[PDB]
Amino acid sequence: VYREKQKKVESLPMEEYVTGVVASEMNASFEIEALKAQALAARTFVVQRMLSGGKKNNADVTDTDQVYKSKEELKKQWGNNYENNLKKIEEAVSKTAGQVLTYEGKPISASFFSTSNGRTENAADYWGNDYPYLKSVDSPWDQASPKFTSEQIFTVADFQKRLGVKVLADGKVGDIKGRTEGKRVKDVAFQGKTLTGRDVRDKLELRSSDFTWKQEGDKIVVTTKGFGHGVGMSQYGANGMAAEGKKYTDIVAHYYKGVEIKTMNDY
């Protein structure tokens, strides 16, 4: 077997691929230490993919694949600042070249999401065994995020159809039965049917599973806190930490409990 001498991913040098993933996933205007943290997370998923068949899907504990932005569209996103942003992301990647996030020697599920509701989530496998590096932590910087609070409006008929339920008479829609350690909704009950908060988020395409709701006339107004699954690293949180002077190593240590930064050469 003739083995390729250079590390390539979809025909590109590995580090350049990482640069592309970072730019596709985190806003370029974010602090450099936050981008460095995102590069470890992207590189962690890349190495994992390559070490297990070279498949395209990440070994993410959360439900997901997503866009790898082209230059054409990064110019439209970054407008004229394209050049400076590109170089910023390149520095962040090269500065962390070869670094990945591990736990007990193996690459982790370096899960990330845009904005928390104030906290991240505990994650466990299908059988309920905890992922020890995905623990619910405090993420107070997200309060100041532009995507912290949000509202989504649905007609009663659409809402009822999408969730396959009849709304409560109280005008209270559906009763929220409990919250997670991350303060996200655990379960919702309607007359004769119950759904998990996560299932409600998917069926309605909510910004997050931390929500409250009310009925206004023939409409349901849903107010969410956060944006994304809430597992692992908050992007807005990492930026907040970086704004108060913390390094990428501090950021990852905060969001992934007990994580160890290794060089990939070992593998």
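From 1 onward, residues are counted along the sequence shown.
The modelled chain is continuous from residue 52 to residue 53, with every intervening residue of the deposited sequence accounted for. In this crystal structure, the stretch out of 102-110 and 134-142 whose C-alpha atoms carry the higher mean B factor is 102-110.
Between 76-84 and 167-175, the higher mean Cα B-factor belongs to 76-84. Taking only the listed residues 122, 194, 155, 117, the entry reports the highest CA temperature factor at 194.
Taking the deposited Cα B-factors for 217, 226, 237, 232, the highest one is held by 217. In the deposited entry, the Cα temperature factor of residue 185 sits in the bottom third of values across the chain's modelled residues. Placement of the Cα temperature factor of residue 207 within the chain: lowest third of the modelled residues, per the deposited record. Compared with the other modelled residues of the chain, the Cα B-factor recorded for residue 42 ranks in the lowest third. Per the PDB record, residue ranking by Cα B-factor puts residue 63 in the highest third of the chain. Looking at the C-alpha B-factors along this chain, the one for residue 34 belongs to the lowest third.
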